[PDB]
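Asks: The file below is work-v6.csv, CSV, N, CA, C and O atoms:
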```csv
chain,number,residue,atom,x,y,z
A,1066,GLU,N,28.7,-0.9,-32.1
A,1066,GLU,CA,27.4,-0.2,-32.4
A,1066,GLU,C,26.3,-1.3,-32.3
A,1066,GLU,O,25.2,-0.9,-31.9
A,1067,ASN,N,26.6,-2.5,-32.7
A,1067,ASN,CA,25.5,-3.5,-32.5
A,1067,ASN,C,25.2,-3.7,-31.1
A,1067,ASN,O,24.0,-3.8,-30.7
A,1068,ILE,N,26.2,-3.8,-30.2
A,1068,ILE,CA,26.0,-3.9,-28.8
A,1068,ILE,C,25.2,-2.7,-28.3
A,1068,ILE,O,24.3,-2.8,-27.5
A,1069,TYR,N,25.6,-1.5,-28.7
A,1069,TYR,CA,24.9,-0.3,-28.3
A,1069,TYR,C,23.4,-0.3,-28.7
A,1069,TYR,O,22.6,0.1,-27.9
A,1070,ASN,N,23.1,-0.7,-29.9
A,1070,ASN,CA,21.7,-0.8,-30.3
A,1070,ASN,C,21.0,-1.9,-29.6
A,1070,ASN,O,19.8,-1.6,-29.2
A,1071,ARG,N,21.6,-3.0,-29.4
A,1071,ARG,CA,20.9,-4.1,-28.7
A,1071,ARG,C,20.5,-3.7,-27.3
A,1071,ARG,O,19.4,-4.0,-26.8
A,1072,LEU,N,21.5,-3.1,-26.6
A,1072,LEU,CA,21.3,-2.7,-25.2
A,1072,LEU,C,21.1,-1.2,-25.1
A,1072,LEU,O,21.6,-0.6,-24.1
A,1073,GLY,N,20.4,-0.6,-26.0
A,1073,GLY,CA,20.1,0.9,-26.0
A,1073,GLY,C,19.2,1.2,-24.8
A,1073,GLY,O,18.1,0.7,-24.7
A,1074,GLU,N,19.7,1.9,-23.8
A,1074,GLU,CA,19.0,2.3,-22.6
A,1074,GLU,C,18.5,1.1,-21.8
A,1074,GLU,O,17.3,0.9,-21.7
A,1075,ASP,N,19.5,0.4,-21.3
A,1075,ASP,CA,19.2,-0.7,-20.3
A,1075,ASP,C,19.0,0.0,-19.0
A,1075,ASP,O,18.7,1.2,-18.9
A,1076,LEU,N,19.1,-0.8,-17.9
A,1076,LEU,CA,18.8,-0.3,-16.5
A,1076,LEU,C,19.3,1.1,-16.4
A,1076,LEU,O,18.5,2.0,-15.9
A,1077,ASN,N,20.6,1.4,-16.7
A,1077,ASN,CA,20.9,2.8,-17.1
A,1077,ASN,C,21.4,2.9,-18.5
A,1077,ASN,O,20.8,3.6,-19.3
A,1078,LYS,N,22.5,2.2,-18.8
A,1078,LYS,CA,22.9,1.9,-20.2
A,1078,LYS,C,23.0,0.5,-20.5
A,1078,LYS,O,22.4,-0.1,-21.4
A,1079,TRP,N,23.9,-0.2,-19.7
A,1079,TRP,CA,23.9,-1.7,-19.6
A,1079,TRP,C,23.6,-2.1,-18.2
A,1079,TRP,O,22.6,-2.8,-18.0
A,1080,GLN,N,24.5,-1.8,-17.3
A,1080,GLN,CA,24.2,-1.9,-15.8
A,1080,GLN,C,24.1,-3.4,-15.4
A,1080,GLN,O,24.1,-3.7,-14.2
A,1081,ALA,N,24.1,-4.3,-16.4
A,1081,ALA,CA,24.3,-5.7,-16.2
A,1081,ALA,C,25.4,-6.3,-16.9
A,1081,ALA,O,26.3,-6.9,-16.3
A,1082,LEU,N,25.5,-6.1,-18.2
A,1082,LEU,CA,26.5,-6.7,-19.0
A,1082,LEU,C,27.9,-6.5,-18.5
A,1082,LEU,O,28.8,-7.4,-18.5
A,1083,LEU,N,28.2,-5.2,-18.2
A,1083,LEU,CA,29.5,-4.9,-17.6
A,1083,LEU,C,29.9,-5.7,-16.4
A,1083,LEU,O,31.0,-6.0,-16.1
A,1084,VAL,N,28.8,-6.0,-15.6
A,1084,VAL,CA,29.1,-6.8,-14.4
A,1084,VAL,C,29.6,-8.2,-14.8
A,1084,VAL,O,30.5,-8.7,-14.2
A,1085,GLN,N,28.9,-8.9,-15.7
A,1085,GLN,CA,29.3,-10.2,-16.1
A,1085,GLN,C,30.7,-10.2,-16.9
A,1085,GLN,O,31.4,-11.1,-16.8
A,1086,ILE,N,30.9,-9.1,-17.5
A,1086,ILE,CA,32.2,-8.9,-18.2
A,1086,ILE,C,33.4,-9.0,-17.2
A,1086,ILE,O,34.4,-9.6,-17.4
A,1087,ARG,N,33.2,-8.4,-16.0
A,1087,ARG,CA,34.1,-8.6,-14.9
A,1087,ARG,C,34.1,-10.1,-14.5
A,1087,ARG,O,35.2,-10.6,-14.2
A,1088,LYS,N,33.0,-10.7,-14.4
A,1088,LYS,CA,32.9,-12.2,-14.1
A,1088,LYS,C,33.5,-13.0,-15.3
A,1088,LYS,O,34.0,-14.1,-15.1
A,1089,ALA,N,33.3,-12.5,-16.5
A,1089,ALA,CA,33.9,-13.2,-17.7
A,1089,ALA,C,35.4,-13.1,-17.7
A,1089,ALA,O,36.0,-13.8,-18.5
A,1090,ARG,N,36.0,-12.3,-16.8
A,1090,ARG,CA,37.5,-12.3,-16.7
A,1090,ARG,C,38.0,-13.6,-16.1
A,1090,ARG,O,39.3,-13.7,-16.1
A,1091,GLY,N,37.2,-14.5,-15.6
A,1091,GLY,CA,37.7,-15.7,-15.1
A,1091,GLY,C,38.3,-16.6,-16.2
A,1091,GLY,O,38.2,-16.3,-17.4
A,1092,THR,N,39.1,-17.5,-15.7
A,1092,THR,CA,40.0,-18.3,-16.6
A,1092,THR,C,40.9,-17.4,-17.4
A,1092,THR,O,41.2,-17.7,-18.5
A,1093,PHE,N,41.3,-16.3,-16.7
A,1093,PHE,CA,42.0,-15.3,-17.4
A,1093,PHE,C,42.4,-14.3,-16.4
A,1093,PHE,O,41.8,-14.2,-15.3
A,1094,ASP,N,43.5,-13.5,-16.7
A,1094,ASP,CA,44.0,-12.5,-15.8
A,1094,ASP,C,44.5,-13.1,-14.4
A,1094,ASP,O,44.1,-12.6,-13.4
A,1095,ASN,N,45.2,-14.2,-14.5
A,1095,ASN,CA,45.7,-14.9,-13.4
A,1095,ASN,C,47.2,-15.2,-13.5
A,1095,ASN,O,47.7,-15.3,-14.6
A,1096,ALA,N,47.8,-15.5,-12.4
A,1096,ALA,CA,49.2,-15.8,-12.4
A,1096,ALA,C,49.5,-17.1,-13.2
A,1096,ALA,O,50.6,-17.3,-13.8
A,1097,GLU,N,48.5,-18.0,-13.2
A,1097,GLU,CA,48.6,-19.3,-13.9
A,1097,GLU,C,48.6,-19.0,-15.4
A,1097,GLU,O,47.8,-18.2,-15.9
A,1098,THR,N,49.5,-19.7,-16.1
A,1098,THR,CA,49.6,-19.5,-17.6
A,1098,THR,C,49.2,-20.7,-18.4
A,1098,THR,O,48.7,-20.6,-19.5
A,1099,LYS,N,49.2,-21.9,-17.8
A,1099,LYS,CA,48.8,-23.2,-18.4
A,1099,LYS,C,47.8,-23.9,-17.5
A,1099,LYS,O,48.1,-24.2,-16.4
A,1100,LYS,N,46.6,-24.2,-18.1
A,1100,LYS,CA,45.6,-24.9,-17.3
A,1100,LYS,C,45.9,-26.4,-17.4
A,1100,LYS,O,45.9,-27.0,-18.5
A,1101,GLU,N,46.3,-27.0,-16.3
A,1101,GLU,CA,46.5,-28.4,-16.2
A,1101,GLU,C,45.2,-29.1,-15.8
A,1101,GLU,O,44.4,-28.7,-15.0
A,1102,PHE,N,45.0,-30.3,-16.4
A,1102,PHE,CA,44.0,-31.2,-16.0
A,1102,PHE,C,44.4,-32.6,-16.3
A,1102,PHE,O,44.3,-33.1,-17.4
A,1103,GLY,N,45.0,-33.3,-15.2
A,1103,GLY,CA,45.5,-34.6,-15.4
A,1103,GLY,C,46.6,-34.7,-16.4
A,1103,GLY,O,47.5,-33.8,-16.4
A,1104,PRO,N,46.6,-35.7,-17.3
A,1104,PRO,CA,47.6,-35.8,-18.3
A,1104,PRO,C,47.3,-34.9,-19.5
A,1104,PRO,O,48.1,-34.9,-20.5
A,1105,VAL,N,46.3,-34.1,-19.5
A,1105,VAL,CA,46.0,-33.1,-20.6
A,1105,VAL,C,46.2,-31.7,-20.1
A,1105,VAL,O,45.6,-31.3,-19.1
A,1106,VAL,N,47.2,-31.0,-20.7
A,1106,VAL,CA,47.5,-29.7,-20.3
A,1106,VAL,C,47.4,-28.7,-21.4
A,1106,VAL,O,47.8,-29.0,-22.6
A,1107,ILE,N,46.7,-27.6,-21.2
A,1107,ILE,CA,46.5,-26.6,-22.2
A,1107,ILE,C,47.2,-25.3,-21.7
A,1107,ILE,O,46.9,-24.8,-20.6
A,1108,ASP,N,48.0,-24.7,-22.6
A,1108,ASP,CA,48.8,-23.6,-22.2
A,1108,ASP,C,48.3,-22.4,-23.1
A,1108,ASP,O,48.4,-22.3,-24.3
A,1109,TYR,N,47.7,-21.4,-22.4
A,1109,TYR,CA,47.3,-20.2,-23.0
A,1109,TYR,C,48.4,-19.1,-22.8
A,1109,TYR,O,48.1,-18.0,-22.4
A,1110,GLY,N,49.6,-19.5,-23.2
A,1110,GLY,CA,50.7,-18.6,-23.1
A,1110,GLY,C,50.8,-17.6,-24.2
A,1110,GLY,O,51.0,-16.4,-23.9
A,1111,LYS,N,50.7,-18.0,-25.4
A,1111,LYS,CA,50.8,-17.1,-26.6
A,1111,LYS,C,49.7,-16.1,-26.6
A,1111,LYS,O,49.9,-14.9,-26.8
A,1112,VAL,N,48.4,-16.6,-26.2
A,1112,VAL,CA,47.3,-15.7,-26.3
A,1112,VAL,C,47.1,-14.9,-25.0
A,1112,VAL,O,46.3,-13.9,-25.0
A,1113,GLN,N,47.9,-15.2,-23.9
A,1113,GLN,CA,47.6,-14.5,-22.6
A,1113,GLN,C,47.7,-13.0,-22.8
A,1113,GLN,O,46.7,-12.3,-22.5
A,1114,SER,N,48.9,-12.5,-23.1
A,1114,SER,CA,49.1,-11.0,-23.2
A,1114,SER,C,48.2,-10.4,-24.2
A,1114,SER,O,47.7,-9.3,-23.9
B,921,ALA,N,74.9,-13.3,16.3
B,921,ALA,CA,75.3,-14.0,15.1
B,921,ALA,C,74.2,-13.9,14.1
B,921,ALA,O,74.4,-13.6,12.9
B,922,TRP,N,72.9,-14.2,14.5
B,922,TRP,CA,71.8,-14.1,13.6
B,922,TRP,C,71.6,-12.7,13.1
B,922,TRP,O,71.2,-12.5,11.9
B,923,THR,N,71.8,-11.7,14.0
B,923,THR,CA,71.6,-10.3,13.6
B,923,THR,C,72.6,-9.9,12.5
B,923,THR,O,72.3,-9.3,11.5
B,924,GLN,N,73.9,-10.3,12.7
B,924,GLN,CA,74.9,-10.0,11.7
B,924,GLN,C,74.7,-10.8,10.5
B,924,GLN,O,75.1,-10.3,9.4
B,925,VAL,N,74.1,-12.0,10.5
B,925,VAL,CA,73.7,-12.7,9.3
B,925,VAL,C,72.6,-11.8,8.6
B,925,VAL,O,72.7,-11.7,7.4
B,926,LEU,N,71.7,-11.3,9.3
B,926,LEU,CA,70.7,-10.4,8.7
B,926,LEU,C,71.3,-9.2,8.1
B,926,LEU,O,70.9,-8.8,7.0
B,927,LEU,N,72.3,-8.6,8.8
B,927,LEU,CA,72.9,-7.4,8.3
B,927,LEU,C,74.0,-7.8,7.2
B,927,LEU,O,73.7,-8.7,6.4
B,953,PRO,N,74.6,-20.0,11.9
B,953,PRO,CA,73.1,-19.7,12.0
B,953,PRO,C,72.4,-19.8,10.6
B,953,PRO,O,72.7,-19.0,9.7
B,954,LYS,N,71.6,-20.8,10.5
B,954,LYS,CA,70.9,-21.1,9.2
B,954,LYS,C,69.6,-20.2,9.2
B,954,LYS,O,68.9,-20.2,10.2
B,955,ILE,N,69.4,-19.5,8.1
B,955,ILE,CA,68.3,-18.6,8.0
B,955,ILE,C,67.5,-19.0,6.8
B,955,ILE,O,68.0,-19.2,5.7
B,956,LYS,N,66.2,-19.1,6.9
B,956,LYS,CA,65.3,-19.4,5.8
B,956,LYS,C,65.2,-18.2,4.9
B,956,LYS,O,65.1,-17.1,5.4
B,957,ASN,N,65.1,-18.5,3.6
B,957,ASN,CA,65.0,-17.4,2.6
B,957,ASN,C,63.5,-17.0,2.4
B,957,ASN,O,62.7,-17.8,2.0
B,958,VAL,N,63.2,-15.8,2.8
B,958,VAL,CA,61.8,-15.3,2.6
B,958,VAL,C,61.7,-14.7,1.3
B,958,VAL,O,62.5,-14.0,0.8
B,959,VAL,N,60.5,-15.0,0.6
B,959,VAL,CA,60.3,-14.6,-0.8
B,959,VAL,C,58.8,-14.1,-0.8
B,959,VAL,O,57.9,-14.6,-0.2
B,960,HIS,N,58.6,-13.0,-1.6
B,960,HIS,CA,57.3,-12.6,-2.0
B,960,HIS,C,57.4,-11.9,-3.4
B,960,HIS,O,58.5,-11.4,-3.8
B,961,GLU,N,56.3,-11.9,-4.1
B,961,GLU,CA,56.3,-11.5,-5.5
B,961,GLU,C,55.4,-10.3,-5.7
B,961,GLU,O,54.5,-10.0,-4.8
B,962,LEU,N,55.6,-9.5,-6.8
B,962,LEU,CA,54.8,-8.5,-7.2
B,962,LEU,C,54.0,-8.9,-8.5
B,962,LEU,O,54.7,-9.4,-9.4
B,963,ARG,N,52.7,-8.8,-8.4
B,963,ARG,CA,51.9,-9.1,-9.6
B,963,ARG,C,50.9,-8.0,-9.9
B,963,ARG,O,50.9,-7.0,-9.1
B,964,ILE,N,50.1,-8.2,-10.9
B,964,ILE,CA,49.1,-7.2,-11.3
B,964,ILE,C,47.8,-7.9,-11.6
B,964,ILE,O,47.9,-8.9,-12.4
B,965,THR,N,46.7,-7.5,-11.1
B,965,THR,CA,45.4,-8.0,-11.4
B,965,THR,C,44.5,-6.9,-11.7
B,965,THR,O,44.6,-5.8,-11.1
B,966,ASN,N,43.5,-7.1,-12.6
B,966,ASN,CA,42.6,-6.1,-13.2
B,966,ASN,C,43.4,-4.8,-13.4
B,966,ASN,O,42.8,-3.7,-13.2
B,967,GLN,N,44.6,-4.9,-13.9
B,967,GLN,CA,45.5,-3.8,-14.1
B,967,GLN,C,45.7,-2.9,-12.8
B,967,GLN,O,45.7,-1.7,-12.8
B,968,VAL,N,45.9,-3.6,-11.7
B,968,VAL,CA,46.3,-3.0,-10.4
B,968,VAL,C,47.5,-3.8,-9.9
B,968,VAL,O,47.5,-5.0,-9.7
```
Rewrite the structure from the file as structure tokens, please.
Replies:
Amino acid sequence: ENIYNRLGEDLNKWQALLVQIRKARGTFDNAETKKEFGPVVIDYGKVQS
Amino acid sequence: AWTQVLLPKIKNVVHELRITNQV
């Protein structure tokens, strides 16, 4: 409801935020489960599903 | 011989099924 009130009657209703939410899907929804970066590896395995 | 092998060294072809944006 906070989101609804903040973006009450945007371009149509939001018409922008939903677009970046699709872009916000990055670093997520990918076959990769653990982000490697050199000797530091972070595994988003438990949180993935 | 290759045909009956299909049914001669043969490479193993692989492909996967995945889902993205719930597709």
Asks: Atom CA of residue B:968 to atom CA of residue A:1101: how many Å, to one decimal?
Replies: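 So the answer is 26.1 Å.
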Asks: Compute the set of chain A residues within 7 Å of chain B, using all atoms listed in the file, and express it as a CSV table (one decimal) with N, CA, C and O atoms, in the coordinates of the input.
Replies:
```csv
chain,number,residue,atom,x,y,z
A,1094,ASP,N,43.5,-13.5,-16.7
A,1094,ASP,CA,44.0,-12.5,-15.8
A,1094,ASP,C,44.5,-13.1,-14.4
A,1094,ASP,O,44.1,-12.6,-13.4
A,1095,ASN,N,45.2,-14.2,-14.5
A,1095,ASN,CA,45.7,-14.9,-13.4
A,1095,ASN,C,47.2,-15.2,-13.5
A,1095,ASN,O,47.7,-15.3,-14.6
A,1096,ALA,N,47.8,-15.5,-12.4
A,1096,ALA,CA,49.2,-15.8,-12.4
A,1096,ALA,C,49.5,-17.1,-13.2
A,1096,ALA,O,50.6,-17.3,-13.8
```
Asks: Apply DSSP to the backbone of this structure and, from chain A, keep only the residues in alpha helix (DSSP H); write these as a ChimeraX atom specification.
Replies: /A:1067-1071,1082-1088,1110-1113
Asks: Could you go through chain A and tell me which residues DSSP, when run on the backbone, assigns to strand (DSSP E or B), listing them as a PyMOL selection string?
Replies: chain A and resi 1099-1102+1105-1108
Asks: Have a look at A:1097, A:1088, A:1104, A:1083 and name the one nearest to residue A:1068; count only C-alpha atoms.
Replies: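 Ranking A:1097, A:1088, A:1104, A:1083 by distance to residue A:1068, first place goes to A:1083.
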Asks: Could you jot down the atom CA of residue A:1109 to atom CA of residue A:1067 separation for me, Å, one decimal place?
Replies: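 Between atom CA of residue A:1109 and atom CA of residue A:1067 the gap works out to 29.1 Å.
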Asks: Just how far from atom C of residue A:1084 is atom CA of residue A:1071, in Å to one decimal?
Replies: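 Computing the Euclidean distance for atom CA of residue A:1071 and atom C of residue A:1084 yields 16.9 Å.
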Asks: Considering only N, CA, C and O atoms, return as number ranges by chain whatever protein or nucleic-acid residues lie within 8 Å of residue A:1069, sequence-local ones (same chain, fewer than 5 positions apart) excluded.
Replies: A: 1074-1075, 1078
